[PDB]
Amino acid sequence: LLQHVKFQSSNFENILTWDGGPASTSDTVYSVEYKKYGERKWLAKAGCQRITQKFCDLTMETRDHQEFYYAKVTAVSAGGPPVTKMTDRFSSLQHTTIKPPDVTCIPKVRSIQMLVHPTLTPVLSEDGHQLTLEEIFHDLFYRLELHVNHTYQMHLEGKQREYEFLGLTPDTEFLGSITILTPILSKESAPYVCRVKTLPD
């Protein structure tokens, strides 16, 4: 009655998800338990006990990006016996995906300017403040592309947060896409994509 019990983790936002089965009663409930790998005691998430929904936010409970954890879901059915399935060993630092960067595209007369803004994450520093992606992956950088037609593209990349595609013709439509990359762990965000048009001068 329980299947696909897994973590779905984006920018260190760590959500437990599972699904019912071909035997999912009206009042079938699910309880979530989590623990750090190598511990004997299973902790119980206060929010997700005997709940009818099929997901649970474990971000606060798995906040150590350098740690290893496990979680399990217990589904109890009206007619009887309970089924308990747990997740694969979870490491946020290794399993999290990157959200597209927070960008504002600014159309100019003969260029296109792009500003990438820092994204805070739920992982804390030793002193207890939230980190930016740049603070977690020192290797983070931005790859930007400005697409004109199948045959012509402009590329910029760097660690900075300001980018400007220079030398464009006015009143022209362009497609800008900005991507975050973390090479060491081979992480790559989906692109942020702007449909922009240079100002008509």
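Sequential numbering from 1, following the sequence displayed.
Asks: Name the higher of the two by mean Cα B-factor in the PDB entry, 44 to 52 versus 153 to 161.
Replies: 44 to 52 has the higher mean C-alpha B-factor.
Asks: Quick check: 98 to 106 versus 73 to 81, which has the larger average CA B-factor in the record?
Replies: The stretch with the larger mean CA B-factor is 73 to 81.
Asks: Whose CA atom has the top B-factor in the entry, of 27, 67, 57, 139?
Replies: It is 27.
Asks: Can you pull the Cα B-factors for 184, 15, 181, 23 from the entry and say which is highest?
Replies: Among 184, 15, 181, 23, the PDB entry lists the largest C-alpha B-factor for 23.
Asks: Sort the modelled residues of this chain by their C-alpha B factor and say whether residue 86 lands in the lowest, middle or highest third.
Replies: For residue 86, whose C-alpha B-factor we compare with every modelled residue in the chain, the answer is the highest third.
Asks: Can you tell me whether residue 1 has a C-alpha B-factor in the lowest, middle or highest third compared with the other modelled residues of the same chain?
Replies: Its C-alpha B-factor, which the entry lists for residue 1, ranks in the highest third among residues of this chain.
Asks: Place residue 170 in the lowest, middle or highest third of its chain's C-alpha B-factors, as listed in the PDB entry.
Replies: Highest third, going by the recorded CA B-factors of the chain.
Asks: Of the three thirds of its chain by CA temperature factor, lowest, middle or highest, which one includes residue 121?
Replies: It falls in the bottom third of the chain.
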